[PDB]
Structures are given as C-alpha cells and as structure tokens.
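J.: Model the structure of this input:
(12 chains, ligands or ions: 12)
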Protein chains: 12
Amino acid sequence: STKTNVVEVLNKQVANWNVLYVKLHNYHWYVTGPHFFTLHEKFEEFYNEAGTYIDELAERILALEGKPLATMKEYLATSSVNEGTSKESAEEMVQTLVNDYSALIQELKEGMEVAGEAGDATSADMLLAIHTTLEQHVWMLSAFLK
Amino acid sequence: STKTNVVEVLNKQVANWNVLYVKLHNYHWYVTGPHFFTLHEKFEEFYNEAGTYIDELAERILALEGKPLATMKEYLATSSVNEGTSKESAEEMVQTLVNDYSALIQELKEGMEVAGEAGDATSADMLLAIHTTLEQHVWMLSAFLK
Amino acid sequence: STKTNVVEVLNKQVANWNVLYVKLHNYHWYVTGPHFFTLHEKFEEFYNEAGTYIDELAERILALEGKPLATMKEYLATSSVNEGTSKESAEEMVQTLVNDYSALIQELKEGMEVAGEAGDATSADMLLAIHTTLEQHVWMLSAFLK
Amino acid sequence: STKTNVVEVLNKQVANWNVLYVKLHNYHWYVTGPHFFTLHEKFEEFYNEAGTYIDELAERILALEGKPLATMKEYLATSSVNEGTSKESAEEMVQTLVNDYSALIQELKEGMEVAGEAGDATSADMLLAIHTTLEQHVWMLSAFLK
Amino acid sequence: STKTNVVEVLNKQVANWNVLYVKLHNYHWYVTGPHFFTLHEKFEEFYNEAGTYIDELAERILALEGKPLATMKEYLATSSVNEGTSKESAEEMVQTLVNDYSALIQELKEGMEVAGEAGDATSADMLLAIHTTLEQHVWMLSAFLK
Amino acid sequence: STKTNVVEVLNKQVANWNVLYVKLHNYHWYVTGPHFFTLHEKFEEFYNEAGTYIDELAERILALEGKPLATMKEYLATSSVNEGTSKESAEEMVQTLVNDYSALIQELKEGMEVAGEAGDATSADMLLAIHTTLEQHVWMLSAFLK
Amino acid sequence: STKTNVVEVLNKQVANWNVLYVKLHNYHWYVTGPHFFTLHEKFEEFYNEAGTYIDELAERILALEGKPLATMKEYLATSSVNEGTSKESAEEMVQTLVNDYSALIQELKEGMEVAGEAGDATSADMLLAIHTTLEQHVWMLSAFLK
Amino acid sequence: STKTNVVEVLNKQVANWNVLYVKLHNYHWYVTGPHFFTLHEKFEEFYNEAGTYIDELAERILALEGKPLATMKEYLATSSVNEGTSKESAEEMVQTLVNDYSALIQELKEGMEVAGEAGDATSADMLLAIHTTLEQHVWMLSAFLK
Amino acid sequence: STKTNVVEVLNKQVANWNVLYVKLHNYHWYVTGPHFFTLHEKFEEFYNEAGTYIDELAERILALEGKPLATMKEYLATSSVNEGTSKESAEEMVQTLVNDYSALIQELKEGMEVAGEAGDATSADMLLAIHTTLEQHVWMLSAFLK
Amino acid sequence: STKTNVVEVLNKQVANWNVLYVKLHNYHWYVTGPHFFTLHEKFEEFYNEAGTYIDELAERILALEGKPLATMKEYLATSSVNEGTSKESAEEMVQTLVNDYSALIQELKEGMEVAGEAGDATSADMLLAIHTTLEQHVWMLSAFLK
Amino acid sequence: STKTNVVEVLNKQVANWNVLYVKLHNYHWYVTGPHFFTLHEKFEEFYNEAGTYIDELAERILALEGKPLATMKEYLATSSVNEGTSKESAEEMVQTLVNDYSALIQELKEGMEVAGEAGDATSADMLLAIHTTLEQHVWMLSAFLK
Amino acid sequence: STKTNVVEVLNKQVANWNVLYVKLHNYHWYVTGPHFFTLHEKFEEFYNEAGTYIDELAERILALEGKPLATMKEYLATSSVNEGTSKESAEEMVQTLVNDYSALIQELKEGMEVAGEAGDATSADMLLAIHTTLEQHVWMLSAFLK
Ligand SMILES: [Fe+3]
Ligand SMILES: [Fe+3]
Ligand SMILES: [Fe+3]
Ligand SMILES: [Fe+3]
Ligand SMILES: [Fe+3]
Ligand SMILES: [Fe+3]
Ligand SMILES: [Fe+3]
Ligand SMILES: [Fe+3]
Ligand SMILES: [Fe+3]
Ligand SMILES: [Fe+3]
Ligand SMILES: [Fe+3]
Ligand SMILES: [Fe+3]
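T.: Numbers count the residues shown, from 1 in each chain, chains lettered A, B, ... in the order given. Ligands and ions are numbered 1, 2, ... in the order given. The protein structure is shown below:
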C-alpha cells in the first residue's frame, strides 16, 4: 500500500459520509409512525456523527498531504451509498441504515487493510473508530426490527 | 403568495445551505497562508451555522405539510451557489463568501416578500434570522479584505 | 385595533394556556400503552412550555397597563379549549392535542392580525413565537399518528 | 385508614396546589409597591414549587392505582383555597399566603395522620416534605409583616 | 426487633439488588423489538439505581457494626429474585420487572416494620426511599403494558 | 425611508444608550435608602443591557455600510436623554428611568416605522427587541412606585 | 411532648454544633503526622456540615415560633461537647470525634423521641438526617483507628 | 514588630470573626420587617465570608509557626466585638454591623502596621483583603440607612 | 481465530468483571486502618470502572451477534477470579488486587492475540484499553505496598 | 496625601476609563484589514475590562465617602485620553492604545504614590491591579507591531 | 524487541517533550509580529500538550517497571531536539516547529516499531496518539507558512 | 534597584521553577509507600502551580522589556535548586521540598526587597503571591513529617 492508496480509501469515506449526512437528514425529516420521536432523534444523533466524521477524515488526508474531495458533484460520483428516496416507511429506513452501515463496515475493514499495508497506523485507527461505532449501531438497529 | 410558493422558497435555501455546508468545508480544509488559523476556524463556525439552518428550514417545510428536498442530486439541480473549486487563495475564499452571502441575502429578501404575501409570518421570521446574521458576516468579511 | 383589543386577545390565550397546562398534566398522568415513556415525557415538556407562556402573556398585558385574567373561574369561562376527560387512549390524547394546537394556531393567526392593526409589534411577535412552536408540534404529533 | 382514604387526601392537595399555582401567579402579576421586586420574585419561586408539587402528588396517586383529579372544574369543586381577588395590596397578599399556607399546613398534618393509619409511609413522607417547607415559608412571610 | 434483625433485612436487600443489577444488565442487553431504545435505556437507568442501592444498604450495615454480604455465592444463596433467563420478549422483561419490583416492595414493607420495631429510624427511612421509587417504577411499567 | 434614514435612527440610539450606560452607573452608585440593595442591583442589570445594546446597534450600522457614532462628544450632541444630576432620591431615580425608558419607547416606535418604510426588517426587529424589554421595565418600575 | 420541649432539644443541638464547628476547626488546624492531608481535609468537610446544621436547626426553631440560641456565651453554657484542647495527636482527635459524634447520636435519638411525642414529624426528620450521617462518620472514623 | 506581634494581631481577628460568625447568624435569624428577605440573605453572605476568613487567618498563623486560638472560651476572652442581644430591630442590626465593621476596619489598619513593621507582606496583604471588603460593606450598609 | 473464539474471550471478561465488581465492593466496605479513606475511595473508583467494563464488553459481544453471559450462576462458573473472603487486612486487599489485576492483564494479552488472529481489531482495541489501565493500577498499588 | 487627594486620583481614572470604554468600542467597530478578527475581538475584551474598572474605581470612591464623577460632560472635562478619530488604520489603533495604556500606566504610578502617602493601601492595590494588566497589554500590543 | 528497548524509546520522548516544553515557552514568549496573538496562543496550547505527554510517557515507563528520566541534565543529554535560540522570527519559529514535529514523527514511527516487536500494544498506542496529533500540527503549521 | 535588577531576580525564579517543575515530576513518579496516593497527587498539584508560575514570571519580564531565560542549559546554570536524585524515600522527598520551598521563600523575600527599591510594585506583588503559597506548603508538609 502507498500513501496515495490510503488517501483514496479516506476520500471514498469522505464522499460516503457526506451522502449519509444528507440521507440521515432525509430519514430524520420523513419518518412517521408511533416510533417517530425515537427515530427522528436517533437519526439526528447519527447525522451529527456523520458530520464529525467528514471533517476528521478530510483533515487526516490533509495531514498526509492529500486533496480531500470537496464538492457535491464529486461525492455523488464517488460514494457507494444510494441516496434516500424519501418514500420509505420507518421500517424501511432502519433496514436501509442497517444495510448502509453494514456495507460501510465492510469498506472500513478493507480500508484498514490498505492503511496497515502502507504502514499508516493513524489512518487505520481513525477508520477503526468508526467501524467500532457502526457495529454498535447495526446491533441496536437490527434489534429494533426485532 | 401561496403556501406552495413559500415551500419552494424554503427548499431553494435548503439546497443552498447544503451546497454551502460542503463549500465551507472546502475552504475550511484548503485555506493556507498566515491567516490559516483565523479562516480555518471561522469557516468551521460558518459551516456549523449552515448545518443548523438546513434542519430548521426543512422542519418548517414539514410544519407546512411540504416535502423538503433531501438528496444531493436535487440540491445540485436547485441551488444557485457554485461549488468550491478548491484552488483559490485565502483572499479568493473570503471574497467568494462575501459574494455568496450577498447573493443569499438578496434571495432571503425576496423570500421574505413571498412569505409575507402568503400571510406566513413564521417562515418570514426564520428567513429574517439568517438574513440578519449573513449581513453581519458580510461586514466582517469585507472588513477583513480591508 | 386598540390596545384593549390586544389585551383581550392576550387574555384569551392566558386562559387557554392555563387550561392546557392542566390538560397536559391530565394526559401526562393518564397515558398508557407501549408509548407510555414517549408521551409521558413529551407531554411534560409541553406543559413546561405552557407554564412559561402563561407568565409571558400575562406580563405583556401588564406591560400594556392591562389586567391579566388570574382566577381559575375566569379561565374556564374564557378558554376555548375543552378539558381532558381522562378516559382517552394514547392515540386520542395525541389527536386531541393536534386538534387543540391547531385551533390555537388559528387563534394566534387572528390574534396577530389584531395586534398588527393596533400597531403592537411586540405582542404580535410574542404570539408569533408560540405559533411557530405549535406548528412544529402539530407536524411531529401528526407524524406520530402516521 | 384505607388506600382510598389516602388517595382522597392526596387529591385534595392536587386541587389545592393547582388553585395556588394560579393564585401565586395572580399575586406575582398584581404586586405593587416598593417591595415589588422582592414579592414578584418570591411569588414566582412559590409558584415553581406549587407546580412541582402537583406532579409529585398526582404521580403518587397513580403509584397507588388511583385517579388524580385532572380538570380545572374539579380543582375548583375540591380545593379549600380561595382564589385571588386581584385587588389586594402587597401586605394583603403576603398575609393571605401566610393564612393559605397555614391552612394547608393543618391539612397536611391531618393528611399525614390518614396515610400513617393506612400504613402508607411514602405518601406520609411526601406530605411531610411540603409541610416542612410551608412552615419555613410562614415564618419568613410573617417576619416580613414584622 | 434487634439490630441483628435489621442487619439481616438489610443484607437480603444487598443480595437482591446485586442479583437485580445483573438481571437488569441481562434485559438491557437482550431487549429487542421496536421498543428497543426505550427499554434498553430504561433498564440502564434501573441498573444504575440498583448499584447505588447496593452501596447504600451495605454502608448502613457497616454503620450498625454488621457484616454486609460481599460474595456472589452468598447473594445467590440469599436473594429471593430469580435471575434472568435471557430468552424472554420485551413484554416478558417488563412484566417480570413489575413482578420483581412488586415483590421487593412487599419485602421493603416488612423490612420497614422490623427496623421500626428495633427503633431504627435511619434504616427504616433508607428502605422507604427505595420503596417510594419502586412503586413509581411499577406504575410506569404497568402503564407501558397498557 | 432610505438606508441612511435607518442609519440615523440607529445612531440616535447608539448615542442614547451610551448616555444611559453612564446615567445607570450614576444611579447605581448614588442610590440610598432601605431599597439600596434592590435598586443598586437592578440598575446594574440595566447598565449591562445598555452595554449589549450599544454594540448591537453599532454593529448593525456597520452591517449596512454606515458609520456608528463613536465619541462621547458626539453622543452628548446627539442623545435626547438628560444625564444624571446625582442628587435625586431613590424615588426620583426610578421615576426618571420610567420617563427615560418611556421616551426611548416612543423613539423606538418611530424608529421601527422608518426601518419598515425602508424595507429593513432586521433593523426593525433589533429595535423591537429593545422596545419589548423597555416596556417590561416600565411596568415593573411603575409598579415599584406603587 | 410540647412544642417548647422540641425547641429546647433543637437549641441544645444548635449549641452543640456551634461548639463542634470551632472544635473541628481546631483539629483541622492542629492535625499533624503522615495522615495530615487526610484528616485536615476530612475535618474541613465535617465543619462544613456543622455550619449547614446550625442554620437548619435554628431556622426550624424560628418555624415553630421559638428563639434560637444566638450567642457564644449561651452555646458554652448549653452544649454538652467539650472544646478542643489543641494538644492531642491525630489519633486522639479522631477518637474524640468518634466519642463526640457517638454522644450526639445518643442525644439525637432522645431528641427524636421528644419531637415524635409532640407530634412534630418535621423536626424529628431533620434530627434523623443528622443522625444518619453521624452514624456513617463513626463507622469510617472507627475503621480508620483500625 | 516581631512574628509574635503579627501572630497576636492575627489571633485577635480569628477571635473577632468567630464572634461575628455567630452574631451574623443571630441577625440572619432574628431580622423582621419588610426588609426581611434583603437582610436575611445579606447577613448570610456576610457570615459565609466570616467563615472563610477564620480559616484563612488561622492557616496563616500556622504558616508562621504560631498557635491559632481554637476554643470558644478564648474567642470570648479575646474578641472586641459584642455579641448580638437578639432584640434589636432591622435598623439596629444594620447600624450595629456598620459599627462592628468600622471598628474592625480600624483594627485591620493597625494590624497592617504591625505586619509591615515586622516585614510580613503576606499577612499584611491578607488583612488588607478583608479591609477592602469591609469598607465596601460599610458604604452599602450606611447607604441602606439612607 | 473465529468470531466465536472472540465471543468466548469477551465473555470470560464479562464474568471476571462482574466478580470483580462484587469483590471491589467487598474491599471498599471491609477496609480498615489509617489508610481507610484512601483505599475506601480508591476501591470505589475501581468498582466504577468495573461496571463500565461489563457493559462495554457485553455490548461488543452483541455487536458480533453473540450471547453475553448474564447470570450470576454463569459468572461464578466462568470467572477465574476468586471472590473476596472479607477477612483480609488493607495490605492483603491491595496485594490481592495487584494479583487479580496482574492475572487479568495476562488474560487480556492472550485475549488480544485471539481477536487479532480473528481479524477483529475493535475487540482487540477494547481489551487493550482495559489492559492499559490495569497496568497503571498495578504500578500504583505495588508502589503503595512500597 | 489626604483622602480627598485619593478621591481625585480615583475620579480621573473613572473619567479615563469611561472615555476608553467608548474609544475601544470605536476601534472595535472601525478596525479593518486581515487582522480584523484578531483586533475586533481583542478590543472587545479590552472594553469589557474598561467597564469592570469604571464600577470598581467608582465604588471605592463611595467606600471612602466621595462622589464619583457620573456624567459624560464631566468625563470629557476630566479625562486625559483623546477620543478616537475613527479614521485610523489597524496599525494606528494599536499604536494609539499602546500610547494610551502607557500614559495611563504613568498616571497609575503617580496615583499609587498619592494613595500610599495617604495611608490608603486598598486604593493603592486597586490601582496596582490595573497597572499590572496594562503593562501586559502594552507588551503584547507592542509585540504585534513587531 | 524487549521491554527495556521500549523503556528506552519512551525515555527519549520523555526527554524530547521536556525540551519541547521549554522551547514552546521560548517561542510563546518571544513571538512578535502581526501574528503575535495567533502564535502566542497556539504555542501555549502546544506546551500544554507537551506537559500532558511527559507525564503520560513517564507513567507508562513506571507501569513497565522502568525508571523514567527525571532530571534536566539527563533530558539535555538525551533529547534530539535543539533548544530555542530566542532570536528567530515568527516564521522561523513555525518552520522550526514543523521541523521538530516532523523529526519527532519519524522517531514515533520507529518507536512504534520497537513496541510492536516487543509485543507492547499499549505503549505502541500511546506513541501513536501523539503521532496522530503531531501530523495534524505539521499540516496546519505548514499551511500557515503558505 | 533598577529594572534590570528586577529582571534578574525574576529570571532566577524562572530558572528555579523550571527545575522544580522537573523535580516535582521526579517525586510524583518515584514516590512509593502507603502514602503513595497522597504524595503522588500532591506533587502533581505542586508541579501544576510550578508551570503557571514559569509563564507568569516570564511574561512579567517581557512586560518590563526584558529577556526571559528560555533554555534548559540556562536554567541549570542559573537555578539554585538541586535536581531530584530519584532514590529518596517518601520522607526524603517531602523534607527536600520543605527545604526547597523554604530556600525559595528566602529568595522571594530578597527579590521583593529589590522590586520594592526599584519602585516595582507589580513584580513585588507577583513574587509575594508565590511566597504566600509556599509558606502554606511548608506548614502542611512539615506537619506531615509530624
Ligand atoms: Fe476541521
Ligand atoms: Fe431536526
Ligand atoms: Fe413572571
Ligand atoms: Fe410527571
Ligand atoms: Fe461506598
Ligand atoms: Fe462587538
Ligand atoms: Fe439561613
Ligand atoms: Fe482550612
Ligand atoms: Fe449498555
Ligand atoms: Fe457596581
Ligand atoms: Fe502523573
Ligand atoms: Fe503565557
């Protein structure tokens, strides 16, 4: 792995978390049903984390002398996360998030491989920190769906 | 003015502030020069306000039974703000923001006209609150450029 | 509009919010069902706002040299809000509140007309502030009922 | 004493404290004279305590499987406290409160007898807690009147 | 009653609250269903109180020159609370807790009898404080189950 | 109305609040009598608000590209508020403030007319915010004088 | 028991806690040895509690229309606690406090008897609250002495 | 001046502030009249300062290897402040305090002379700090008496 | 290593920390000697950490779709930590803890091996975090024993 | 030196700090250039200190039975500080402040001479406290100008 | 790698961070130029981190039974960082820090190799934590220099 | 005395406190024995004060246009404090500190003479502030050694 490989892995997540920031706002606004208050709030906490993550990842890429993706056009052309359709039920939103977080978990695992093979412990650790939280999110969200 | 006219004005700003949220991150990350610390921090405060604004505007549209724009594809197709090119100097970034805020100020003025003619005092007031802050931003930023 | 017209509009709301303070306590205490914790807490926040509102409205009437209604007998003879029957389901309570808030929203709209035609910007603004929050409440509560 | 006897004693206080909540607002708003600032603030603290008390007493009645009174019509038909006439001087207001608190103190004493004879230590203790504070209030208020 | 009788009553609760601390963790971890977030959090607050209670009860026994039970083997041989089976539904967990709290309420009542007949007002009061909270818990939890 | 008309109205208040800042210090220092503690503190809170107001008004004038008055010589030549004579009784000080606030209230009303006719909602709102507080002050202060 | 009997019991403690406030300062200042930091701090916390107690007890006597002892000459003529000799070792100070607290515990027990037989639940409870803490202090302090 | 001279001056104040701590409690408890709330609170703040002062002065004497007076018997035999008679009006209490503080101010002045002539800048400064506050107290209290 | 191997390692620690939570309470309650205050407090901080650890470890096992041990019977049958005998001196307690922490350190080292060989970076990191603190504890505790 | 000499020295500073309060607002509002944010904020902190100083100095003059200057007309006729011309560059503003602070430092030195020769340690110390801060300001501001 | 190898790597950093603590104070004190406020503050934050680091590294060496370097003579004989010459411009200071941090980054990388090859995950992680921050510092500081 | 004499006295303390900062870390790390927790913490508080002192003294020298010593080589060549030998017992460490603080107290006394004879009240006061605390430290530390 090279520093450039790590910059690329970091940028994919910058893109993903920007798309997720918007998608979480989508679900935060469009949730309905007796579990409105729970999800509305939950999704807000999630988007808050998404925002901290975008700045963290981007600033680590600057730390390694890289260029963080910084346009919506680029996030859309780079992210692997589908945007909200704003039509799904509360159930669909939670299942979609389990799916999205799950996919991101898989991306983080590979991303940590790349950073490790490039001898980049800090970037690996940053990615790990998100991985740890997303895995917590998936359990709780899957539990919710019973 | 109709409630739908107001929903439209509100959505243009939802789109604008999402694009600005990203653009402010762009400038926050790419700023260089002896005024790095000042701008880096300043732009961060600005993006923080942008984020609060997106949720406020969108939730007011829900309050009026409207659909807030909730996809990046839609923000790009709707916003009137150009995305960061990530190549400008510290000077260019500040001047661009004065220009962006200035244009948004003009949009808010019209937007407040529409809400007023629709008998919508709350939406008018929300828009005013941003207008008041942006005008403060423009003075300080223009002062900076001497 | 005259100052007296505004004092009257303000007093109707003083009466309404006193009746609502009690009604919200009613629902806060009598809620049952798997959404007990959500509503119990929610209604408590609502009654907290009701209490702040009674003092605000009454103190604005003092500010304009008026007499704020200050007896339960007068609130009952003046308010347009029906008291809780303490027998409704969680669903009924939320629907009733949407209805109550909705009616109050309509009263506020007229009340703001009166204050405006009397050249009373402060009272108009106070009434607006509640209007803005109630509209937020109605969206969330209606969302809850799916 | 039976649990029902205790529920009744608790409800009389729920009614009394609701009537007092309004009466304290009355005095808070109508106080005049060089001791305006003192009393205005003092009465506000008093109404704040009244509000906490209504919820506490009512929730203890729920705890014992009872129905807390939850309508203004019922508070008026049950409370032993006369509503404010909003015409009294600062002196009259304080003396009236000494009288009201004093009467409530006597009600609490009997109420604690009933709870004790029903083997209800928690309700007795709750009532005691108010008794302790009201006795403090009476001393200070009587001291004020010299 | 003797001081030793009171030490015994206190130790049964030390044992009970240790077993409950674990059982509450069980339910906190194994809860599933759309009410996951509510119960997960609720049970956490409950275990937090259980922990404060174990230290309080044990330190009162030290205060009376007694030996607080301090081994898991002893808690299991002394507590009257059945451990979680980790297989029950969200409904079962809440009903079980209502049952457990209810039984503990009955134990506290007797325990307060013993302390009173031993002339031990402080221990009686400590036990009362828990009794008061558990009764609040039972109402809310029973309300939840509709 | 023109932007210049609004800048002028804003500057008159900048001048007034500077003169009031000093006058409030005068009364804060020279108050005597059994109501020393009340007024001394009250006047301090008032001067604190006066200081926030000077900066707010001046910064809004900068926001509109105007020059805020910034010399004592200019405040004295522009303000309509008479300076403290430092010889009045506690009664005179409070009555004087009711008079001063009352006059400022009348100035704000006209000032809001001007901003409105210039299409300047933000400046109108800023002025309103003070108007709302001064009216509260006048009621309390007039109440004090019985 | 009569209210006067309770006033007397309360005053003995007002006297005792004033003498203890000074004695605790004595030990706080004169402690030496490797356990200086522990005791110095500990005694400070103890004197802090002593001060809160003096005001609480005295204000309860005012609540019952009594005269709280308020002179050093009277505290010395009434307290049953011997003043510090300022010559004892760290060991002696702790043992003395165990003895002093122990004696006060015995006084509180009787004092609670008197309040109970006078039908004074609040004063009994106040005294209990100190009793509960002193018993905690005695255990810890006796533990310290091994 | 010698270190012993300074220790003596410090001890007179330790004695004075202990006597004042009690006297301030006296006035705090026995104040009556429409200025009850003001004085009651004021005297409490004063006694709070008295308590901090006793520990500060005593710890400075320890710092200079001296023995701080630590018995009530010694404070009474050393202080120059007369104890409260608990019979004076609110007016008398305030005038007495002006007199007491005034006398202490005169003692501090001499005490600072002694510390200065002993080359003890720290003790001089400690004494000064109280002197500065007492002079503030005297102005406010004298102002109160008109 | 497999995910199941990691779940097993995590559960052994869930069991160990539950047993330690109780044992730390044992030492917290039974400590005596001039170092009572130090150890009593220290052990409390230790048990506080033990409690956070149980929830963290268990929630990570849920994250990996495993079943966390949740009964006292299972903790006793699984933990490798001996329960307190409540008879040891302060010295014995500290030495025992050094021994217990030391053994746990060795378990964590192996546990981190297993997580690493299973490609489980998050669980490895969680275990590391405890390892880091326990090693700090052992140094301080060994230092204490000189 | 006499008390009157000290009152005069104190009043000159009351006047100076009032003029400086306005001048600092002048520079706070009129600063421009890339160091806008730095100075704008810096000057605000400076004016905040100026405000605390005016009240402190004036209250010390009351403490010594003097009349603090309390009119703008008197500050202008007494202060030795020239008002802002609102036309200077950022550089000029900072240099002017170094000059103003420097002159005030020289005034404080003389002022402390006067207080010392009048045997007024408290006023001398108050003046010293400002002197200490202004000297810090001058270093930083001179450093800024390179 | 052996534990001793890790102790050595840790001690080199203890020495480096002590030398940096002083050097950062040097730059904090000697900075001049229009970027005085920025750097002065920035360097202070940096020295604050340096201080936390010295204690962390040293306490980890104690944790591994090692001797942390604890004399200035040893830091100077061991550190690889050159001390400040106190003569450099603001530019030189920042460039020097980029160079110093950069060198330390390279030392940390090797140091983490050693800890890893010794099977010391905790020490490796501690070193990583600094590495992560220093890399952030270098980007910002290099950005500043344009 | 001249300003240069004062700069020299200030620099000796800058050197001393830097050497003490390291020495306190030495004792903080190397303390052992049953009083580990006490001293470990105590020494940490002491080093914290040492750090604040270095910056204060150095910034006062900048205030007087002097050059603060800013290299370890210079501190070692200037300080009069011997560095820790890291071999002493807990007893030796405390005695050494009493000796070190005592010597510094003597240096401060002379240093205050110099500042006074140079007409430098601020520097004299700064030095006094440390003197006052060190004398407190010596009493407590000497008390500890019995
Ligand atoms: Fe950032
Ligand atoms: Fe939202
Ligand atoms: Fe109010
Ligand atoms: Fe409630
Ligand atoms: Fe405990
Ligand atoms: Fe400002
Ligand atoms: Fe009190
Ligand atoms: Fe002390
Ligand atoms: Fe949890
Ligand atoms: Fe003041
Ligand atoms: Fe440390
Ligand atoms: Fe500094």
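J.: make it CA atoms for all contacts and neighbour counts henceforth
T.: OK.
J.: interface residues of chain A facing chain K?
T.: Residues of chain A lying close to chain K (Cα under 8 Å from any Cα of the partner chain) are A:59-60, A:62-65, A:121-122.
J.: Which of the residues you listed sits closest to residue C:13?
T.: Nearest to residue C:13, judged by Cα to Cα, of the residues of chain A next to chain K is residue A:59 at 52.1 Å.
J.: now the closest one: how far from chain F?
T.: Note on residue A:59: its distance to chain F, by Cα to the nearest Cα, to the nearest Å, is 33 Å.
J.: what packs against the strand or helix carrying that residue?
T.: Residue A:59 is located in helix A:36-63, with elements delineated by DSSP states H and E. Secondary structure elements in contact with helix A:36-63, counted by 3 or more Cα pairs under 8 Å, 6 or more residues apart in numbering or on different chains; DSSP states H and E, are helix A:3-30, helix B:3-30, helix C:121-144, helix K:121-144.
J.: could you dump those helices to CSV with mean neighbour count and distance to residue L:133?
T.: Written out in CSV, the entries for the helices and strands packed on helix A:36-63 read as follows (neighbours: other Cα atoms under 10 Å in any protein chain shown; distance: least, Cα to Cα, whole Å):
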stretch, mean neighbour count, distance to residue L:133
helix A:3-30, 24, 52
helix B:3-30, 24, 45
helix C:121-144, 20, 54
helix K:121-144, 20, 34
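J.: For chain E, find the nearest of those.
T.: Closest of the helices and strands packed on helix A:36-63 to chain E is helix C:121-144, at 13.9 Å (criterion: Cα to the nearest Cα).
J.: Just give the number of residues close to residue A:87.
T.: By the criterion of other Cα atoms under 10 Å in any protein chain shown, residue A:87 has 12 neighbours.
J.: tell me the SS of it?
T.: In terms of secondary structure, residue A:87 is coil; the call rests on DSSP: H, G, I helix; E, B strand; the rest coil.
J.: does any part of the helix or strand containing residue A:97 sit near chain C?
T.: Under the criterion DSSP H and E, the helix or strand holding residue A:97 is helix A:90-117. No - for helix A:90-117, no contact with chain C is found by Cα under 8 Å from any Cα; the gap never falls below 9.8 Å.
J.: in chain A, what residue sits furthest out from the centroid?
T.: Here chain A has its C-alpha centre computed as a mean, and the residue farthest from that point, by Cα atoms, centre = their mean, is residue A:34 with 26.8 Å.
J.: That one: which element?
T.: Taking DSSP H and E as the criterion, residue A:34 maps to no regular element, lying outside all helices and strands.
J.: Now it. Its backbone dihedrals?
T.: Backbone dihedrals for residue A:34, given as degrees, to the nearest 10, come out at phi -60, psi -10.
J.: Can you give the contact residues for stretch A:14-27?
T.: Contacts with stretch A:14-27, where a contact means Cα atoms under 8 Å, 6 or more residues apart in numbering or on different chains, come from A:40, A:43-44, A:46-48, A:50-51, A:53-54, A:57-58, A:68-69, A:74-76, A:78-84, A:86, A:93, B:55, B:70-72.
J.: Buried subset of the residues you listed, written for ChimeraX?
T.: In ChimeraX, this line selects whichever of the contacts of stretch A:14-27 come out buried by 16 or more other Cα atoms under 10 Å in any protein chain shown:
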select /A:40,43,44,46,47,50,51,53,54,57,58,68,69,75,76,78,79,80,81,83,84,86,93 /B:55,70,71,72
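J.: Report the separation between the residue nearest the centre of chain A and residue A:57.
T.: Using Cα atoms, centre = their mean, the residue of chain A that lies closest to the mean C-alpha position is residue A:17, 4.2 Å off. Taking Cα to Cα, to the nearest Å as the measure, residue A:17 and residue A:57 are separated by 10 Å.
J.: Then residue A:125?
T.: Look at residue A:125 and residue A:57: by Cα to Cα, they are 11 Å apart.
J.: Spatially nearest residue to whatever residue of chain A ends up closest to chain E (excluding sequence neighbours)?
T.: When distances are taken as Cα to the nearest Cα, chain A approaches chain E most closely through residue A:146, which lies 4.0 Å from it. Using Cα to Cα, 6 or more residues apart in numbering or on different chains and skipping residues adjacent in sequence, the residue nearest residue A:146 is residue E:33, 4.0 Å away.
J.: Could you count how many residues lie near that neighbour?
T.: Residue crowding around residue E:33 was assessed by other Cα under 10 Å; the count is 17.
J.: Hmm, residue B:28 and residue A:70 touching each other?
T.: No - with the criterion set as Cα atoms under 8 Å, residue A:70 and residue B:28 do not qualify as a contacting pair; they are 10.1 Å apart.
J.: check contacts around residue A:62.
T.: Under the contact definition (Cα under 8 Å, 6+ apart), the residues listed for residue A:62 are A:68, B:29, K:139.
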